[PDB]
Amino acid sequence: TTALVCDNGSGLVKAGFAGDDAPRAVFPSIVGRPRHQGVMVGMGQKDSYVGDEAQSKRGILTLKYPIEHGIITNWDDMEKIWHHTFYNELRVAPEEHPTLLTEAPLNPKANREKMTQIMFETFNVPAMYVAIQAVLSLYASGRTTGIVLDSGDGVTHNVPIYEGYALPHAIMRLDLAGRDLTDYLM
Amino acid sequence: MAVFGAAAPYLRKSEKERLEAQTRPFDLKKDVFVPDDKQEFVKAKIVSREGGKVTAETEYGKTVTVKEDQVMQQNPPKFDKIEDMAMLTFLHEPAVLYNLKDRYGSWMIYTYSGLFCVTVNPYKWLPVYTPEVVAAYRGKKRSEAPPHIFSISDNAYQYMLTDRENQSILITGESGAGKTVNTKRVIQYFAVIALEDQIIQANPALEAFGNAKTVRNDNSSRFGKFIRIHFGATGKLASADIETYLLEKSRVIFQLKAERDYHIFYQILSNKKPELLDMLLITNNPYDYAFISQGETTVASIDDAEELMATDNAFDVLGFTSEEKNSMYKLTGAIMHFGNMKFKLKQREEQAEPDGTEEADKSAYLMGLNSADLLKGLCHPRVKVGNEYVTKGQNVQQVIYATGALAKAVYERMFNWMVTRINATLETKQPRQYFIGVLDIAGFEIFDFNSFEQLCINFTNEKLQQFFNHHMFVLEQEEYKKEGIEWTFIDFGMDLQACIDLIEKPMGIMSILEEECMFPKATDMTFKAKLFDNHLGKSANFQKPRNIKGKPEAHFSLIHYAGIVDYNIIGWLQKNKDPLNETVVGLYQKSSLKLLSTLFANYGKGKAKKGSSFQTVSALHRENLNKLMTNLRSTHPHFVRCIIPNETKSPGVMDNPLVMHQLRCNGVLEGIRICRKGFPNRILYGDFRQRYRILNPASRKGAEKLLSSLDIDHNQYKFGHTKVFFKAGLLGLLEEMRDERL
Ligand SMILES: Nc1ncnc2c1ncn2[C@@H]1O[C@H](COP(=O)(O)OP(=O)(O)O)[C@@H](O)[C@H]1O
C-alpha cells in the first residue's frame, strides 16, 4: 500500500504520498472566521475557511494559527486542518493509509499523545508514527552524521547525530523563528 | 378452447398440456433461487447447507457458493406459468423474470400482473392479431379470458359506457420496442368495436419534430404524445383528439456528448433537397452550426434523406399548403442561424455589442425583421416602469441566454401550432362525447451521466408512478369493501410522495436551482454546497453519491422507486435559464411571415406575472406536469407495459439484465411490492377444499377445523366470506403437507 507523509510544523502544512519526490499539497495552516455580519442572504456563507481559501478572504476574516511554537493549542482547528488536508487537498480516504507525522524535539508529551489519539479515533487510520523533524532532514540530505539546524516557523533546534546515533543531551531548542521575525519586522 | 380460432395455442395453452407439464420433479429445499455473476439469478441446485457454505450446480456446469442470506425459494411447478403474476405463491424479483422468460420461450406474449398488462413484443407474425379473435372476444370477461390488450381495451370501453366517464390507457415502453404498432392495433380494435389511417399518416410529422437520438435509442420520443379518442352518446366512433405535453426545450440548444439534436435539423441537412439549402443559406457542413455541432453529428440511425422525403410527402398530403412547409423549413433554418451570433463587450463599459453582423443580416432576412432592429432589440431591451419605458443593459452572458431562450420558445411555439394544424385536419364535425385517451411518455431513464433533463424525466415518471400507486390503493380498498374485510387503512402513495417533496417543494432541488440561477454570482460548487447544507441528513432520500468501477462523476444521489440514481450538477445553472426577450417578441409579433401567428402575444388587481428574467425551465416544467396530472386525474386509468426481450432482433433468446432494467424502471416490481404487504394469494373456499381436503378428509366450520389442524397462525391468514386470504409461507406449507400427504 501507500503511506502519507504529513509535515505540519506551524505556518505551512505540507503533505503528500510516500515515495514521491516533493509534497503534493502545500498551504498555510490557518483557520479564518468571518468577523463582520453578512447582509446578502442566499450567499450561504460558511463559518470557517481553512487553508489557502482563507488567504483569499483575508479582508473579511480573522486568521488564527492552531500551532504556536511546535505545540498545538487549538485542537478543533487542528482537526479541521487535518480534515482539509486529507479530503480537499489530497482527496484520499485516511482509512486505508498509514500516516507519518512529525514534531520538533522537546515538546510536551500530551501534544504527541493527543495527536495519536485523534489520528486513530477521529480519522481511523490503520497505522501511524511520529518522527523528529531533524532526523528526517538528515535522511533527505544523504548524510548519516552531522548536526542539523532546523529553523522552521515556530521553533529552531539543533540535533547532533553521529553514525545514526542521536545524542539527546546535546539537543538545543530555541523558540525564536519566522513568526517572531515577522513580528519584529512589523 | 375453439372460440380462439387459430391463435388459441399462443393465446392460451390447453388444460391437457397444462396437466402434462405439471408432472415434473422439483425439490422445494435445494433448487431455490440463487444469485449469479453472468446474470442475476440462475437455475441451479444446492448439494447441502454446510454452515455458511453451499454449492450451486447450475445448467452451465458451475459450482459457485453463495451466502445463506441471499437465497430464496423458486416458484413451485403447480403454480409456474401463472397468468397473473400477483397470484404467484412466492413474489420475488427474479421469480417474475423467469416466469416471463418461460412464457416467451413457450411463446405466450401477454401476461396479467394485477392491475397491469405486460406485453413482450414477438418478432414474427402470429395469428393472434387476426380479426377472428377480435370479433370473437366480444362477450367474454376480463377475469376469465387469458391476458391480451384487447381485453383491457374492451374493459375500458364498457367501463366508459357504464360509469359515463373517460378512461386512460398508459402504454409504457421504449420507442422502437413496439409502442407504435401496439397503439396501432389498439386503435384498430377500437374502430372494430366502433380515422386510424390519418393518425399513421400524420405520425411522421411528430416523429420528426419530437424525436431525437439518445444513447439507449436512436428514435427516442421527447414529447409526451397523447391521443384522445372521443365517442358519441351511442358509444360509436366520433372523432379523435391529440395533445402534446412536456416537450423538452433544452435539446434545441444543448446536446450531450453522446446524443444528437432533433431529427429535423439533420433531415434538412440531407442534401437530397438542394433547393432548401440554397434557399436557406445552409452550408452542407454540419460542424458549421453551433447549436447542433456539440451533439453527435451523424449516426447510422435511419435513412435521413428518405425520412425527409416521407415527411414532405406527409406534409403535402396534409391540409396545409406548400408555402406553409416552406415557412416551417425556413423558420427551422433561422433557429439554426441563431447559434453563430457573436457578441463582444464594449470599449470601457459592460455592454454587449455585435461584431459579426452577417448571420444577423441573413437571419433577419429569413425571419422577416430588420437586422439592425433585431440587433438593437437584443443588445438593449426596453422594459416598462409605470407609464414609461427605460432601456435595460445586457452583457454577453445575458444576451446569449436570451438568444437561447428565444430559439427554444420559437421552436416550441411552431411545434404546438403544428399539432393544432394536425388536429384541425383530423377534426370531424360529429359530436364528441366521453373519450378514452392513450398516452405515450418517456421512460425512467438511467445512465452513468444523468443530468438535468434526466432529472426532469424521472420527476415526471415519479408523479406517474405515485398516481398509479394511489389508483391501485383505491382499487384494493374497493376489493376489500366488496369482500367485507377491511384492514390496513394506510395509503400506498405517500411512501413515494416523500421523494417528490425533494424536487418540487420549496427548498427542494428545483427551488434551490431557481434561487441559484437568480442569485448574482452563483456557481455549480455553490449550488452543490446549498443542496448539501439544506438536505444532507435532514432529509430521508437525499444522500451522498457513490463512485463504482471508476464511473465518470456524481455530485449527489437521490433514490427513486426505480433505484438509486446519481446525478451530475455541472451545467444546470447555465441550462435552466429561460429569459425571454420581450422587445424581440414584439418584433416577431410585427413580422411579415407566419411567425406573427406563433408569437401572437406572449411575454394590478393581483398579478402573478413573473418577470421575463425570473423564468426557469424547471418552473415551466412543474407547471406543465401539474396540468397534465389535472387532465389525467379525472379519468379512470389503465396501464400497459412493453418490454423488449433482447437487444438483438433474434427472438427467443433474451437478456436478463435488460429484463430487470425494464422491470425496475417500469414499476411492475413496485406494484408487486405494494401487493407484498397485504395478502396477494387470494383464493375461494371451494377450490381450496377440492385441493386440500385430503389433508383432513371429512363451510367455515370444516375449513376452520382443517386450519387449526394445519398449525396455521391467526395473523398469517385472513378469513373472508367468499375467499380466504393466504400468504407465500402459507401456500408453501400447504403445498409441502399436500406433498407428504401424497
Ligand atoms: N525565502 C524566504 N526567506 C525568508 N523567510 C522565508 C522564506 N520562505 C519562507 N520563509 C519563512 O519560513 C516560514 C515557514 O517555514 P516552514 O519550513 O514552513 O516551517 P513550518 O513548516 O513549521 O511552518 C514562514 O514563516 C516564512 O516567513
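All positions are counted from 1 along the displayed chain.
From the backbone N, Cα and C atoms, a Cβ is placed for every residue, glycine too.
Residues or ranges marked as ATP binding site in Swiss-Prot: B:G173, B:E174, B:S175, B:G176, B:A177, B:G178, B:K179, B:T180. Annotation comment: Swiss-Prot describes B:27-76 as domain 'Myosin N-terminal SH3-like'. Per Swiss-Prot, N6,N6,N6-trimethyllysine is recorded for B:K124. What Swiss-Prot lists as phosphothreonine is B:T357. Residues or ranges marked as region 'Actin-binding' by Swiss-Prot: B:625-647, B:718-732.
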_Nonlocal neighbours by CB distance (under 8 Å) for B:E174 (ATP binding site), same chain, sequence gap 6 or more_ = B:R216, B:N217, B:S220, B:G443, B:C642, B:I644
*Just counting, how many other CB atoms are there within 10 A of the CB of B:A177 (ATP binding site)?*
19
*If we count other C-beta atoms within 10 Å, could you say which of the binding-site residues B:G173, B:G176 has the fewest?*
B:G176
_Output field, ATP shell: CB within 8 Å of site CB centroid, site B:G173, B:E174, B:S175, B:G176, B:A177, B:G178, B:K179, B:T180 dropped_ = B:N121, B:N182, B:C642, B:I644
_Whole-number answer please: how many Å between the C-alpha atoms of B:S175 (ATP binding site) and B:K124 (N6,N6,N6-trimethyllysine)?_
18
_Across the domain 'Myosin N-terminal SH3-like' (B:27-76), what are the DSSP residue counts per state (helix, strand, coil)?_
0 helix, 16 strand, 34 coil
*Check each residue in the chain of B:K179 (ATP binding site) that is at least six apart in sequence and keep those whose C-beta is under 8 Å from its C-beta; list them in sequence order.*
B:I171, B:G173, B:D440, B:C642
*Looking at the recorded positions B:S175, B:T180, B:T357, which sits with the largest number of other Cβ atoms within 10 Å of its Cβ?*
B:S175
*Using all protein chains in view, find how many other C-beta atoms are within 10 Å of the C-beta of B:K124 (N6,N6,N6-trimethyllysine).*
6
_Other CB atoms, at most 10 A from the CB of B:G178 (ATP binding site)_ = 21
*asked:* Whole-number answer please: how many Å between the C-alpha atoms of B:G178 (ATP binding site) and B:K124 (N6,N6,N6-trimethyllysine)?
replied: 12
*asked:* Can you tell me the CA-to-CA distance separating B:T180 (ATP binding site) and the residue listed as 'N6,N6,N6-trimethyllysine', as a whole number of Å?
replied: 16
*If you measure B:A177 (ATP binding site) to the residue listed as 'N6,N6,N6-trimethyllysine' at Cα, how many Å is it?*
13
*In the region 'Actin-binding' (B:718-732), how many residues does DSSP put in helix, strand and coil?*
5 helix, 5 strand, 5 coil
